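First comes the structure, then the notes that go with it.
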Amino acid sequence: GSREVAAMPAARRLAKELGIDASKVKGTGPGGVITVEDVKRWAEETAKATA
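Numbering (PDB author numbering), first residue to last: 125 to 175.
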């Protein structure tokens, strides 16, 4: 399924609890699933940005 974006539960759950568009989170997990590390790393990438 290349014409569909996957989003595992862990990343999905946190994504919904964090308020981030998992789609915006280029998932690289087996089957195009946005991995937890993907959402977490990005979520922090935003907060990491100071200026």
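Beta carbons are placed, not taken as given, at the ideal position from N, Cα and C, and that holds for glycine.
{"Check": "Where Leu142 and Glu128 are concerned, what is the direct C-alpha to C-alpha distance, given to the nearest angstrom?", "Outcome": "22 Å"}
{"Check": "For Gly153, write down the residues that DSSP places opposite it in a beta bridge.", "Outcome": "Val157"}
{"Check": "Can you tell which of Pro154, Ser126 and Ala130 has its C-alpha closest to the C-alpha of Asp145?", "Outcome": "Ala130"}
{"Check": "Mind checking which residues open and close the alpha helix (DSSP H) that includes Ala139?", "Outcome": "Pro133 to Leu142"}
{"Check": "Mind checking who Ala130 pairs with in its DSSP beta bridge?", "Outcome": "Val157"}
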